[PDB]
Amino acid sequence: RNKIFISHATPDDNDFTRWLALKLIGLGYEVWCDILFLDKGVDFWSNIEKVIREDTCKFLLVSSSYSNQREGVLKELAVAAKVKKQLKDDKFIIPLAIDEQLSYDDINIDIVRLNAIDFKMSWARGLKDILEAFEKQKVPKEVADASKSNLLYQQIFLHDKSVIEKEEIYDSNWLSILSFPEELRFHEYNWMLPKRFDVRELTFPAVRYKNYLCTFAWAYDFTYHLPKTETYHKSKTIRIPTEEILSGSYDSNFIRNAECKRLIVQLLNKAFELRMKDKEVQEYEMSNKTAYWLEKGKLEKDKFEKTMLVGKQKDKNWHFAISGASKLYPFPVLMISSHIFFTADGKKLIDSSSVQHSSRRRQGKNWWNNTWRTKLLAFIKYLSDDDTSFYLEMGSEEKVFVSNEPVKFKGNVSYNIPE
Amino acid sequence: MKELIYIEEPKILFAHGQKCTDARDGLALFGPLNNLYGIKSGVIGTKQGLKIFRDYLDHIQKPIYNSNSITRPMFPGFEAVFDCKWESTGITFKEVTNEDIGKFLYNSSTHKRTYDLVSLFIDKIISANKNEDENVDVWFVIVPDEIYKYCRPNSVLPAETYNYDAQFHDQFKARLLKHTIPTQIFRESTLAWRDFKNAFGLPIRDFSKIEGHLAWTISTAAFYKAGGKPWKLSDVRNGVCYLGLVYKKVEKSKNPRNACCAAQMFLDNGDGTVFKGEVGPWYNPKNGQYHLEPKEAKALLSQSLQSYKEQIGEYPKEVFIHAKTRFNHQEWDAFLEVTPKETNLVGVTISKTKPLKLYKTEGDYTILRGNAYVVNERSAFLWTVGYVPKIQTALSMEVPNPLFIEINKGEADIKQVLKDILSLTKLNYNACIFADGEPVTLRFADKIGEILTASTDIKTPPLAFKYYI
Amino acid sequence: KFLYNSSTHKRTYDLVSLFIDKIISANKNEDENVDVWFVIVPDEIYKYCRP
DNA sequence: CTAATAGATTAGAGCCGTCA
RNA sequence: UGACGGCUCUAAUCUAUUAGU
Ligand SMILES: [Mg+2]
């Protein structure tokens with residue numbers, strides 16, 4: 001006889017029972033409990049009686065409001081009483097009281113006359129009392145070893161809570177850039193364009209650089225704003241292919257490679273802004289960037305392929321919105337962000353940033369992964385041009401093609417989502 | 001298609017040489033490393049604050065439960081966990097009259113009233129320390145909510161003292177530094193939250209489902225601040241030193257005069273864990289620049305190397321400088337002019353401002369935690385926040401952001417750098433959580449820098465973390 | 001090495017500095033909590049530390 | 001020194017949620 | 001200031017060019 005039998009309520013006293021059983025196993029005792037076994041079934045009964053009658057040396061009972069008047073506990077107590085009569089051991093059953101709502105006068109008749117161990121005010125002194133009682137009654141034990149409790153905790157209570165080798169695919173918020181125009185052009189408009197023209201209002205994206213103009217546009221484009229451009233010698237245009245400066249294999253006194261990349265990024269950003277103006281999507285000037293969102297009633301019942309982009313929350317309508325920035329690292333991409341903006345009647349933004357912050361904090365509370373990703377891909381797919389792409393118009397005959405499906409990532413480790 | 005890699009959990013160590021991935025589970029199963037005998041606490045505050053503290057101490061001698069035992073392990077009592085006595089009988093009271101508190105919090109100037117309140121509290125604390133017989137391990141400062149409302153730097157009221165920060169907490173912690181008194185600051189609405197309500201009859205802060213989590217956090221902080229070792233890292237390799245550098249803006253004068261502070265971690269060689277601040281705040285006068293001049297860089301690296309040598313007996317075989325910024329050529333040339341010949345110096349930048357989010361295509365649960373995407377031999381993304389299958393939940397609420405780790409200078413292996421960065425997220429002694437989202441070398445250095453920036457009189461400050469956190 | 005300088009004040013100063021530097025370094029920069037610091041002093045130091 | 005146009009990188013405050 | 005996480009607002013500085021000089 002080496003086992004110490006723990007009786008308890010299965011779904012209610014699990015925390016204390018696990019704690020005490022693992023502590024006792026760590027001290028070096030041998031313990032029998034029904035929470036230390038997997039693959040159960042016909043094990044119940046015809047095995048409990050056998051271990052109580054032939055293996056148990058001490059019968060620890062956990063007394064609480066749940067274990068009082070429970071059928072399995074009462075039957076096990078009856079068997080334990082028969083075993084106690086069978087042997088010459090009056091101290092065979094030890095109650096342990098833990099429930100503050102179980103008064104000492106409301107105990108079942110089987111253990112009203114027994115001297116119990118108190119646990120209500122603290123568990124450390126209860127554990128010390130149990131250890132002292134076991135030492136005084138010479139309960140069998142081996143050398144102390146906490147590795148047994150460690151292993152049992154790992155194998156029983158950490159069983160279905162690990163990672164699994166499973167191939168999965170993830171969507172991201174990056175859109176790869178597919179096309180680039182074949183040349184970057186510098187037009188030498190030497191003191192022919194006005195000194196304060198504010199070239200940011202032109203028809204095509206242009207950037208001032210020295211006495212030149214860096215753009216993807218055609219030599220005599222934007223003739224409306226600059227009338228004196230037809231008489232221009234095209235041989236003085238500096239042409240640099242885009243692939244060479246993208247790969248980093250170009251550098252000269254006129255312009256460095258990093259400067260070329262920066263100007264290309266500026267052109268891409270301005271083209272995205274102008275195209276979003278073309279798309280007729282409402283603007284929102286944030287602290288440093290600009291976001292884009294849809295009105296109420298623009299879509300067919302505020303849906304794009306069974307995905308809501310405009311919705312309600314009490315007195316305020318919420319609107320999913322995106323912001324996009326073009327980058328050349330790690331690879332040429334357009335990166336997208338997600339925001340929620342709130343309006344009083346679906347057409348005018350509320351002019352209170354604190355109210356916007358509070359509403360956006362209390363609206364994304366219930367939005368999980370699937371909501372975010374479905375809304376993001378729906379809004380991105382809404383902007384798609386013909387079938388699988390979207391063009392930023394850099395000139396009369398120049399376009400930059402961007403994908404409408406985000407970059408996928410692959411993994412080999414996942415979890416089993418056990419509800 | 002892009003390929004992701006997985007990094008396994010680092011595991012932490014507890015009593016009896018037992019390893020676990022969680023601190024709550026390992027503390028409930030095994031216990032801490034060292035053997036304290038009992039916490040004798042000094043309580044300075046009003047009468048009702050003293051009663052509140054006594055009630056809370058009486059509350060955490062028993063088991064305290066959460067709503068869900070899987071997502072949040074429960075608290076089996078302070079003596080069951082830490083094997084030491086922290087009870088409301090070994091308490092010394094230093095009364096603070098409410099009339100003085102009311103008097104000093106009206107001067108219509110944040111700086112002056114903050115200075116007056118900090119002086120009021122630290123005068124009693126210092127006098128009790130200097131001229132009394134009772135021994136106190138930690139000093140618990142209970143603060144009313146009216147003091148906490150109006151003492152923030154951006155708080156509106158509905159010269160001599162201007163050379164201090166307008167924050168009560170930082171000024172309080174800095175002005176007690178030269179006495180070396182461990183202290184813990186509690187609001188009155190934190191220990192007794194059920195009594196403080198808004199104009200609807202409900203608590204302003206609801207801890208009903210997370211009482212056990214609060215008990216875990218408070219007990220761990222009190223145990224650590226009294227000289228207890230709760231746990232340590234289990235797979236720290238020998239000859240490697242981790243150094244975190246953080247910059248702050250001194251301001252409160254004509255010169256912004258940026259300042260830099262360091263935190264150091266390495267192996268004791270007795271199988272312990274040395275983790276302490278390395279700070280004599282180093283200054284840069286030019287505004288907006290977060291780089292050290294050659295003299296300051298030489299001094300900082302020399303001090304860190306000498307500290308490691310004195311503790312161990314030999315120079316390190318590997319020094320990783322984690323930082324939130326990049327290094328320039330002057331900085332690294334100054335660094336390399338004092339490093340020993342047979343030592344490898346690697347400078348790593350950990351950035352958070354890099355937009356990238358991965359979405360699972362089917363479920364409403366986010367990406368697994370230890371995933372990483374390697375862009376290049378010198379750069380990689382790392383998810384330190386994400387779903388943890390052990391607790392059946394994630395460490396965030398929305399889709400989490402990854403850290404962008406870049407080997408800025410030196411020659412290292414990015415996979416090992418990611419492994420070390422993930423391991424360092426398991427040492428937040430200021431909390432009782434499953435794991436942090438940032439390495440603790442860059443967080444405790446930030447705390448130290450924000451503490452010794454609220455005053456100008458601090459000289460040769462202490463390095464133990466219990467005097468700042 | 002210190003207790004051979006033939007000047008009592010100098011060697012007393014050196015010994016006290018040597019001990020208190022270690023004690024203060026232990027106090028300030030470490031998380032260990034120690035209540036009473038016991039200083040075990042050899043007999044020859046005690047004998048030769050008189051005016 | 002200085003006033004604009006970008007991109008790219010830095011720090012500071014302050015508010016909201018944690019159940020289910 | 002018991003934690004942690006996510007957001008939003010506000011400064012700097014550097015680099016290139018343009019006008020200042
Ligand atoms: Mg703390």
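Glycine gets a Cβ as well: all are built from the backbone with ideal geometry, and neighbour counts include every protein chain shown. A short reminder: the numbers here are calculations on the coordinates, not readings from a lab.
Since only B:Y150, B:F223, B:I44 are under comparison, the one whose Cα sits farthest along the positive direction of the charge dipole of chain B, derived from C-beta charges on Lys, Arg, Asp and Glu, is B:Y150.
Counting Cβ atoms of other protein chains within 10 Å of each Cβ in A:232-238 and taking the mean gives 0.
Stretching the chain fully between A:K306 and A:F197 yields a gain of 34.6 nm (0.36 nm per residue, less the alpha carbon separation). In this simple spin-label approximation, A:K50 and B:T92 carry label points 7 Å from Cα along the Cα→Cβ vector, and these lie 6.5 nm apart.
Building the convex hull from the alpha-carbon atoms of the protein assembly as shown and averaging its projection over directions returns 53.1 nm². How far is the Cα center of the range B:156-215 from the Cα center of the range B:248-262, in Å? One Cα centre to the other: 26 Å. Calculated mean residue ellipticity, 222 nm, the protein assembly as shown: -9000 deg cm²/dmol, from DSSP H runs (n ≥ 4) at -39500 (n - 2.57) each, averaged per residue and rounded to 500.
State whether the range A:6-135 is rounded, prolate or oblate according to the following rule on the C-alpha gyration tensor (a ≥ b ≥ c being the square roots of its eigenvalues): a/c under 1.5 gives rounded; otherwise a/b larger than b/c gives prolate, and the remaining case gives oblate. It comes out rounded by the Cα gyration axes.
Write down the percent of antiparallel bridges among all DSSP beta bridges whose residues are both part of the range B:300-447, to the nearest 5. Once the DSSP bridges in the range B:300-447 are tallied, antiparallel ones form about 65 percent. When only C-alpha pairs under 8 Å and at least 6 residues apart count, what is the relative contact order of chain A, in percent? Once divided by the residue count of chain A, the mean separation gives 17 percent. Which of rounded, prolate, oblate describes chain C, given a ≥ b ≥ c as roots of the alpha-carbon gyration tensor eigenvalues and a/c under 1.5 marking rounded, otherwise prolate only if a/b is larger than b/c? Here chain C falls in the prolate category.
In chain A, the longest principal axis of the Cα atoms and the axis of helix A:71-86 are about 40 degrees apart.
Where is the GNM fluctuation largest for chain A (alpha-carbon springs, 10 angstrom cutoff): A:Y104, A:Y209, A:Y292? Ranking A:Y104, A:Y209, A:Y292 by mean-square fluctuation puts A:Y104 first.
Ranking A:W368, A:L328, A:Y220 by how far each Cα lies toward the positive end of the dipole of chain A (charges on Cβ) leaves A:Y220 at the top.
If you average the C-alpha positions of the range A:193-211 and of the range B:419-463 separately, how far apart do those two centres end up, in angstrom? The distance from the Cα centre of the range A:193-211 to that of the range B:419-463 comes to 50 Å. Sparsely packed loop sites in the range B:397-469 (the GluC sites (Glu not before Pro) outside DSSP H, G, I, E and B with at most 10 other Cβ atoms within 10 Å) comprise B:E411. Computed over all pairs of different Cα atoms, the Kirkwood value for the hydrodynamic radius of chain B is 24.2 Å.
By how many degrees, 0 to 90 and rounded to 10, does the Cα axis of helix C:8-28 deviate from the longest principal axis of chain C? Computed tilt is about 10 degrees. Of the trypsin sites (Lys or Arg not before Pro) found in the range B:430-469, the ones in coil according to DSSP and having at most 16 other Cβ atoms within 10 Å of their Cβ are B:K459.
Across the range B:347-469, Cα pairs under 8 Å and at least six residues apart give a relative contact order of 21 percent. Put in order of Cβ neighbour count within 10 Å, fewest first, the listed residues B:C84, B:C432 become B:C84, B:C432.
Using the crude model of +1 on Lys and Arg Cβ and -1 on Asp and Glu Cβ, and no other charge, please compute the dipole size for the range A:136-243 relative to its Cα centre, in debye to 20. So the magnitude is around 640 debye. Seen against the Cα atoms of chain A and their longest principal axis, helix A:14-27 is set at about 70 degrees. Counted by neighbouring Cβ atoms within 10 Å, the residues A:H159, B:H111 run from fewest to most as A:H159, B:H111. The equivalent ellipsoid of the range B:103-193 has semi-axes of 24, 17, 11 Å, largest first, where each one is the square root of 5 times an eigenvalue of the Cα gyration tensor.
The residue among A:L178, B:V388, B:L358 whose Cα reaches farthest toward the positive pole of the charge dipole of the protein assembly as shown, with charges on the beta-carbon of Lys, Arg, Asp and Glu, is A:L178. Computing FRET efficiency as 1/(1 + (r/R0)^6) for B:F196 and B:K124, where r is the C-beta to C-beta distance and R0 is 25 Å, gives about 0.50.
Computed from the Kirkwood radius of its Cα pairs, the Stokes-Einstein diffusion coefficient for the range B:147-259 at 10 °C and 1.306 mPa s stands at 84 µm²/s. Here chain A carries DSSP beta bridges of which approximately 75% are antiparallel, counting only pairs with both residues inside.
Assuming a ≥ b ≥ c are the square roots of the Cα gyration tensor eigenvalues, decide whether the range A:156-302 counts as rounded (a/c under 1.5), prolate (otherwise, with a/b larger than b/c) or oblate. In terms of gyration-tensor shape, oblate. Note on B:265-271: average number of Cβ atoms from other chains within 10 Å of each residue's Cβ is 0. Mean per-residue shielding of peptide A:172-179 is 2, counting Cβ atoms of other chains within 10 Å of each Cβ.
Note: relative contact order over the range B:1-132, using C-alpha pairs below 8 Å and six or more positions apart, is 22 percent. Multiplying each eigenvalue of the alpha-carbon gyration tensor of the range B:377-469 by 5 and taking the square root yields semi-axes of 28, 20, 11 Å, largest first, rounded to whole angstroms.
For the range A:63-186, treating each Cα as an identical point scatterer without solvent, what Debye log10 I(q)/I(0) comes out at q = 0.10, 0.17 1/Å? Each listed q corresponds, in turn, to -0.56, -1.15. With a cut-off of 11 Å on the backbone N, the residues of the range B:405-441 near the modelled label site 7 Å out from B:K352 along Cα-Cβ are B:437-439. Backbone N atoms of the range A:215-236 closer than 18 Å to the 7 Å Cα→Cβ label point of A:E259 belong to residues A:215-216.
Find the centroid of the Cα atoms in the range A:238-286 and in the range B:329-351, then give the distance between the two in whole Å. One Cα centre to the other: 35 Å.
Share of antiparallel DSSP beta bridges in the range B:1-95, in percent to the nearest 5? The antiparallel fraction comes to roughly 35 percent. In this calculation the C-beta distance from B:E342 to A:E135 is compared with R0 = 60 Å, giving a FRET efficiency of 0.60. Using only side-chain charges placed at the Cβ, +1 for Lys and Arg and -1 for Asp and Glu, the dipole size of the range B:1-104 relative to its Cα centre rounds to 180 debye.
With a 10 Å Cβ neighbour count serving as the proxy for reagent exposure, in which order, fewest first, do B:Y242, B:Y283, B:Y148 appear? Spell out each step's value before the answer.
Details: B:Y242 23, B:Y283 13, B:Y148 17.
Fewest-to-most ranking of B:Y242, B:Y283, B:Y148: B:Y283, B:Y148, B:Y242.
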